[PDB]
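J.: The structure under discussion is supplied below as structure tokens; questions concerning it will follow.
What follows draws every value from the coordinates through simple rules; no lab data is involved. In this analysis, Cβ positions are derived from the backbone assuming ideal geometry, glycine residues included, and neighbour counts consider all displayed protein chains.
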Amino acid sequence: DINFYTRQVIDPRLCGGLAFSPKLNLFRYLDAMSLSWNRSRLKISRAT
Amino acid sequence: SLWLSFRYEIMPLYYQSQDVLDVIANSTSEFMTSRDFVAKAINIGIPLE
């Protein structure tokens, strides 16, 4: 007769990925043109 | 009374003196500035490999 309970991690070093990793599809996304708001910042700084 | 008759000449002479002092000081403290901005680029070589 054996009766006990255990809980184990998903060892995220090995497993834990295999997902979408929402970094991508957003880092390759507008991060450049949104950064390009340097144009507007320069505009406001000129009149500042 | 004789001394209080001073206002006649001291008040407006002093007022005009302060007027000329202001009209010279405002022009004298102009503190002119001139500035410009550019967005020149900086290039750093990236190894092709």
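Conditions tested, residue by residue: (1) surrounded by 10 or more Cβ atoms within 10 Å (Cβ to Cβ); (2) touching a residue at least 24 places away in the same chain (Cβ under 8 Å); (3) outside any helix (DSSP H, G or I).
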{"site": "B:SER5", "(1), (2), (3)": "no, no, no"}
{"site": "B:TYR14", "(1), (2), (3)": "yes, no, no"}
{"site": "B:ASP19", "(1), (2), (3)": "yes, no, no"}
{"site": "B:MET32", "(1), (2), (3)": "no, no, yes"}
{"site": "B:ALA41", "(1), (2), (3)": "no, no, yes"}
{"site": "B:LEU48", "(1), (2), (3)": "no, no, yes"}
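J.: Need the failing condition index for A:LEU30 against (1) loosely packed, with under 10 Cβ neighbours inside 10 Å; (2) away from chain B (no Cβ under 14 Å), just the number.
T.: (1)
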